[PDB]
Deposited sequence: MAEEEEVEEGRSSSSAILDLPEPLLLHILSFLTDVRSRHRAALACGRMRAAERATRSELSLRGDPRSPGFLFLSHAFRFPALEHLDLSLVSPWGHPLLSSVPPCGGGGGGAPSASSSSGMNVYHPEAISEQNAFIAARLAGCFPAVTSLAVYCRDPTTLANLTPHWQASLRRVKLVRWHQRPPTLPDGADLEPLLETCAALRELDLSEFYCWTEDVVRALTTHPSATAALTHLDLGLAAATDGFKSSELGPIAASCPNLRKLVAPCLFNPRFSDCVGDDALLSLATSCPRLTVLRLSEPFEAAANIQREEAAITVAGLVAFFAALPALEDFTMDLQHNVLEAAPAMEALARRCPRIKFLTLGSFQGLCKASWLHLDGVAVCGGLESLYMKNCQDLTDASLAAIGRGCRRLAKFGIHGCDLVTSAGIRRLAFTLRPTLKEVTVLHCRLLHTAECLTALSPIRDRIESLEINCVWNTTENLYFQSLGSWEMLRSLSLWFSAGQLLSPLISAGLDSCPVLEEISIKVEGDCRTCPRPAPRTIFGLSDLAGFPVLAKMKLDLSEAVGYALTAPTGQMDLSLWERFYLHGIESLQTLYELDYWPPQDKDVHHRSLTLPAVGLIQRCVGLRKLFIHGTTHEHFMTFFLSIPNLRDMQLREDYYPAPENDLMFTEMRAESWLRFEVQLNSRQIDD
């Protein structure tokens, strides 16, 4: 006969050997929970500090408040350190360039303190205004620094020699393997000069991302050629390229084969064409026979993106080549490839033959049909993610049959700007996975005229002036686990909304766990009237916790006064990021919003405004 136990002095969790407590804490990735854990008791504080694996530094590490923290503020196991978000956002961090002997020993001090809190860093992200930031910041970590990510949305300092931005890394950091320049504005010449003149450093590199703030027209054949040739050990390459054959230095069959031959070990390759404006059907210098040879040189390839404006024609044989020569291919994104799957009755062809595919994304395939979708559904039984963008011959019946046939497996769907697929009809088409779909991305196009049980994430595209409200009637009325929403507005102000009409943000109020919003109006264009239109009713999203807001775009992007007022009524916000500026003092947000913690003005677009002097 069991008796009920009373108040106990012992704590099972604290009575575990301390290593087992560290092991538990190592599984806790929510930062707010980790901070809360450290506040529970002294032992959990030790466990939290001993096991934190990543941190994004908040505040100004030049301030006494940071430098004169206790030695208890120590993270001995921390691998990834992100300094790119330190205040004030985008200012020079530990630069030698004066905004003379004081700046040097103040720089040395901050660095030493950072190395004191973060002894074990193997990956660093840093906002990098000029190379002396790197010179001051890497001596403490040069032995162990494996991945470096550079962030700069500002103009390249105009007096720097070619490649100077990357020199301090390439001279000093012998453990460097991974270089992420996706958000780093520099010239393509900088990358070429640095990477072809440092063979010691460059021969060891395995991962390279060359997005360069999405502000270049693309790497040329004469730039990509030498870069590849100097990096024989590349396993991952992400780069924008010039593909327009009106330019003689464009990337074509020769430049592609030369990349594969110089970097035979590639597993991840993502090439894209920077999009201006108006290229629709103009052909690329990439041919099907060229791609056959190309894929045959890349037997380890697993993840392939070739996102073009310029067209590659009759690509099915190249897809069959991909399946045969790259037996590990799993992740495939193609833009402006034509003839991807013809779908003859007796056999599977093209992309339908790639049986190992887990993700498939197709843009601007003009001859992709319902028949094509039938073959892909029969051939690609492992598809977890499916997307189509600007595929004007696919119908709701193609989607519906694909969704039904791939029911065991399909979790993420994108349908964007497909001519025959309006929103209501496309939502109905997804019926076979209504109770299974985790992520959905669609553009909203209305017709004037079962819960989504597992839908965690929603991304929506709109034209300027268009309303959100009809989304509820269109079929997304019940979404019990929907926690994040992304809204992006395209087009120009050539349609004024009727007076007293609003976008309809308050119509998301019936989603019980919607905590996160991305509202991107940067490409949407009196600016205050438009902000009123889009933001009105944001206050009624009761569980809204994190907001990313991009105001409309004049080189500064300022929130108007009604925009500030409507955001300031979001009483649940814990995190607020404005990608642009405000005339308002940042404290008015902290005072209006009782539990606001993380707020920052992140001007993460090129060119970022210079605000340097006090």
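Counting from 1 along the deposited sequence, what's missing?
Comparing the full sequence with the modelled residues, the uncovered ranges come out as 1-4, 104-124, 303-304, 477-484, 531-532, 563-573, 602-604, 666-688.
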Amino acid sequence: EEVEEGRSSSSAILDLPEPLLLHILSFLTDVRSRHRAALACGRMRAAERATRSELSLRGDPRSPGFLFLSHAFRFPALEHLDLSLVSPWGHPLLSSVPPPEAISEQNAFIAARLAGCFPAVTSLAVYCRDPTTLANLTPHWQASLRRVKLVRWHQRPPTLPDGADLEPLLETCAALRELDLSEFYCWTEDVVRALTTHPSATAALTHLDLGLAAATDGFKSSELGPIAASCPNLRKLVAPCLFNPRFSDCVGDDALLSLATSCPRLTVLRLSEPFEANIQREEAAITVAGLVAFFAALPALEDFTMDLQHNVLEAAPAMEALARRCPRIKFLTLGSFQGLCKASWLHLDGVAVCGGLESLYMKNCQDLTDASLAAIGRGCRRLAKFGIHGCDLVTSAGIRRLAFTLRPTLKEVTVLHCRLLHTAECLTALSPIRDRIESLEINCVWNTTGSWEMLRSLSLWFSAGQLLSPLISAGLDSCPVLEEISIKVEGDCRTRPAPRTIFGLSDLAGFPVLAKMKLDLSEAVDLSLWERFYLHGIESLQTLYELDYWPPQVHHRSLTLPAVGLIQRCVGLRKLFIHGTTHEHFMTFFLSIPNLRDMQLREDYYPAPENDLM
From here on, numbers count along this sequence of modelled residues.
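Look over 371-379 and 527-535 in the entry and identify the one with the greater average Cα temperature factor.
Looking at the record's C-alpha B-factors, the answer is 527-535.
Comparing 243-251 with 296-304, which stretch shows the greater average C-alpha B-factor in the deposited entry?
The stretch with the larger mean CA B-factor is 243-251.
When the CA B-factors of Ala515, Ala229, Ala474, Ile388 are compared as recorded in the entry, which is the largest?
If I rank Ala515, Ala229, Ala474, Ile388 by C-alpha B-factor, first place goes to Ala474.
Whose CA atom has the top B-factor in the entry, of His555, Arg52, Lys575, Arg36?
Spelled out: the listed residue with the top C-alpha B-factor is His555.
C-alpha B factor of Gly491, ranked within the chain: lowest, middle or highest third?
It falls in the top third of the chain.
Mind checking which third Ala47 falls in for C-alpha B-factor across the chain?
Lowest third.
Check where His579 lands among this chain's C-alpha B-factors and tell me if it's the lowest, middle or highest third.
Middle third of the chain for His579's C-alpha B-factor.
Could you look up the Cα B-factor of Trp446 in the entry and say which third of the chain it sits in: lowest, middle or highest?
Ranked within chain, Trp446 CA B lands in the highest tercile.
Can you tell me whether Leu137 has a C-alpha B-factor in the lowest, middle or highest third compared with the other modelled residues of the same chain?
CA B-factor rank for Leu137: highest third.
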